[PDB]
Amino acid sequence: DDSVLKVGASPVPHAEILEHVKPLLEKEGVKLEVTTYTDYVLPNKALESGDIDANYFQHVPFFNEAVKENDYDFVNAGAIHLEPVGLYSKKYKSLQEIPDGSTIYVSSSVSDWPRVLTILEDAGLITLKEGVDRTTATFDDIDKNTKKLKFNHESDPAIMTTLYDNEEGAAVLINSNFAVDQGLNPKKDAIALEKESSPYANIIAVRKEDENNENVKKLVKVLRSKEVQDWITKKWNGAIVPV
């Protein structure tokens, strides 16, 4: 069954986008089988064990960290979409209202830390030290901390919606895939949104030996086609941004 392509994906939008393109791939002779995963670890582990042939869930900075940490022999088969990341809160309508010494919750995924840092910088609430390596920025790079905010980075990315829902902290950084699955719209519900999300394009990742796989190329080409990208835009109202 070399006509069958097994793809690991996040629930929303990723798995939904995959289900929507299935008929387009079938007209091309490719049988797409989706495995939906609820976390950011098992899709990579599954790709390495051969349980799946590709995955669709992670951005390049995540991917790079994961390849280096795990010695995964993977390749990027191509960028599909962007998820501009939000800070969410049930307490404050704006970051400018947060009392000093309040906690900002972020996940333990280090590759998202520079995103929260750009939002706070744009909001005028922190500055970064001269000679920060902005590609790998962390909380230790903060020079001015205007509202003297604390950052908790212990939680798994998959529980960030619970922290929000339970009113923990002044605000919470939630990846859009989890936000959208719980019924939050980043464009309407977030109190601040990432201004430039292009470094965080979500990719199709595969094993190195499948780097020239014809079924994979067909998947990437269908996911980047104009009809599909317009569909993605209309489905989530611009919260999910096609490349």
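All residue numbers refer to positions in the sequence shown, first residue = 1.
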{"property": "Stretch with the greater mean C-alpha B-factor as recorded in the entry, comparing 53-61 against 210-218", "result": "210-218"}
{"property": "Residue range whose averaged C-alpha B-factor is higher in the record, 81-89 or 127-135", "result": "127-135"}
{"property": "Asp122 by Cα B-factor - lowest, middle or highest third of the modelled chain", "result": "middle"}
{"property": "Chain-relative CA temperature factor third for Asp112", "result": "lowest"}
{"property": "Third of the chain's Cα B-factor distribution that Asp71 belongs to, per the entry", "result": "highest"}
{"property": "Position of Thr35 among the chain's modelled residues by C-alpha B-factor, lowest, middle or highest third", "result": "lowest"}
{"property": "Lowest, middle or highest third - CA B-factor, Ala9", "result": "lowest"}
